[PDB]
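1. Sequence first, structure after, both from an experimental entry:
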Amino acid sequence: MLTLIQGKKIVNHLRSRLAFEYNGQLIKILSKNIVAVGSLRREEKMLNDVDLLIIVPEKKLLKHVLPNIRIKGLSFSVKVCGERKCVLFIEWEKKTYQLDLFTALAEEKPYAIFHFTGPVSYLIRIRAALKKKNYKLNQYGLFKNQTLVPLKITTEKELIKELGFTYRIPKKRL
DNA sequence: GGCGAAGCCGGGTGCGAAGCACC
Ligand SMILES: Nc1nc2c(ncn2[C@H]2C[C@H](O)[C@@H](COP(=O)(O)OP(=O)(O)OP(=O)(O)O)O2)c(=O)[nH]1
């Protein structure tokens, strides 16, 4: 497996050096539009897979990062994942790892963070628990009888206090 | 089976044969 320092280093590398294609040209990606996801946030001592969160604030460029996102001078294979997820194979130091990224709207950030930070069952439990509150909670926002309702916050306690739930630490397992 | 507002159970797509399998 990999190590925290390496994860942090690659995270730093990705945090200070990413890049993406743009209408035939290329644009670099730095820290403010990038967040980390993985064992580090869950606090694991064994790094299986280290992920990241990359959201776009612009409504158009949101889909401009989607085209071709990459780094300068490395081994990487990027394919589509799931529905609209990004599956990357990364090779460096003669080593290849599997990175599953996701790029979404900056407003999805809290929900995204919440969804991405803990466990599916909690997510579903939370989803149903919340749905049963007569509201459907998805990356996009809150859906009500096919109606769409967006978020008003940008933070975690904010999101929990926004929906009306408590923040449970992964280590407690739901 | 377990549940905070009553009756409920994520969201979808890349394929391979429209049905299964991952994030
Ligand atoms: N694999 C998987 N990921 C899901 C699911 N639902 C939501 N996600 C999220 C979790 C992450 O935000 C992203 C998947 O990342 P990974 O495959 O690396 O797993 P995750 O990061 O949750 O665990 P980790 O801390 O990296 O070992 O999609 C699901 O059902 N399966």
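-> Right, received. Where do you want to start? Residues are numbered from 1 along each chain as shown, chains lettered A, B, ... in the order given.

2. What parts of chain A come near the ligand?
-> Proximity of chain A to the ligand, by Cβ under 6 Å from any ligand atom, involves residues A:37-39, A:42, A:48-49, A:51, A:100, A:115-116, A:120. In short, each C-beta sits where N, CA and C put it, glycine included.

3. Tally up the residues packed near the closest residue to residue A:113 other than its chain neighbours, please.
-> Of all residues not flanking residue A:113 in the chain, residue A:156 sits nearest, at 6.5 Å (Cβ to Cβ, 6 or more residues apart in numbering). For residue A:156, the neighbour count with other Cβ atoms under 10 Å is 15.

4. about what we covered before: so which of the residues of chain A next to the ligand are in strands?
-> A:37-38, A:51, A:100 (DSSP state E).

5. Surely residue A:166 is within a strand?
-> No - Residue A:166 is assigned coil when assessed by DSSP: H, G, I helix; E, B strand; the rest coil, not a strand.

6. Next up, identify which helix or strand the closest residue to it other than its chain neighbours is on.
-> Spatial nearest neighbour of residue A:166, excluding adjacent residues (Cβ to Cβ, 6+ apart): residue A:160 at 6.2 Å. Assigned by DSSP states H and E, residue A:160 belongs to helix A:156-163.
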